[PDB]
C-alpha cells in the first residue's frame, strides 16, 4: 500500500530514538550465559516492545531459564540502572524531531518502558524529550499489555488535542512487535530495524529504512528538509 499523508507522529523510544537495545542485549546475554543459553536475535525479536515483566516471561519460557519473571526483571533492572543513563540518541533522531517541531507537526512518544526506566534513559537528554507533545509509558494505567497490543498507540493518539483519526497517525518503530501494534491500531508505520532481524519480521511495515537519516518526510505529505 503506497504511503498516504499523515498529520501526527508517534515514536517508539528504545532502539528507535535511543541506542538502548544493545544495553538490554548485554545484560540478558550475561544472565543467559550462566545457564549455557544464548540470548540470540530470534529471542530478542520476540520481546522488544513488551513490558519488562512480559519480556522476562518470554525469555524464561523460550530459553527455559530456571527463574521467575519477577526475579529476572529485578536482576536485569539492577544491572541496567548502571548503564541506562549513558543511552545515546540514534542517527537522524535530532534532525527529524527538530524539523517537526519547527513546522508545528504534533508528535508524541509511546514506549513500553516503565517510569523509572524512562527517567534513567532520558536523564541526560532532557532537551530532546521536552519537545514531544506528550509521552505514554508502559506503566500507564490505560496500557494493559505491551506491543503488539495496540493499546499504547491508541492511548497515545487519543491524547493529542484535538485527537486525529488513527489513519492520520504515523508510527516510527524498530521492533516487529511495534510494527504489529501500529498496524493493529490502524496506523501507518515506518520501521528502522536492526539488520539482524529476519526478513519475515521486517517486511510488514509501510516503509522500512536502514536509518532515520533516510526518512523523507515528503513521502508522507510533510514538509521537506530545508
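Numbering follows the first chain given and starts at 1.
Novice: Using only the Cα atoms and their B-factors as the entry lists them, report which of 112 to 120 and 96 to 104 averages higher.
Specialist: Averaging CA B-factors over each stretch, the winner is 96 to 104.
Novice: Quick one: higher average CA temperature factor, 42 to 50 or 173 to 181?
Specialist: It is 42 to 50.
Novice: For the listed 73, 154, 143, 88, which has the peak Cα B-factor recorded in the PDB entry?
Specialist: Reading the PDB entry, the winner on C-alpha B-factor is 143.
Novice: From 191, 55, 197, 32, can you pick the one with the highest C-alpha B factor in the entry?
Specialist: By C-alpha B-factor in the record, 32 ranks first.
Novice: For residue 166, does the deposited CA B-factor place it in the lowest, middle or highest third of the chain?
Specialist: Tercile = highest for this residue's CA B-factor.
Novice: Divide the modelled residues of the chain into thirds by Cα B-factor and specify which third, lowest, middle or highest, holds residue 81.
Specialist: Within its chain, residue 81 is a highest-third residue by C-alpha B-factor, going by the deposited values.
Novice: Going by the entry, which third of its chain does the Cα temperature factor of residue 67 land in?
Specialist: For residue 67, the deposited C-alpha B-factor lands in the highest third.
Novice: Check where residue 203 lands among this chain's C-alpha B-factors and tell me if it's the lowest, middle or highest third.
Specialist: Within its chain, residue 203 is a lowest-third residue by C-alpha B-factor, going by the deposited values.
Novice: Is residue 211 in the lowest, middle or highest third of its chain when residues are ranked by C-alpha B-factor?
Specialist: Answer is middle: the recorded C-alpha B-factor places it there.
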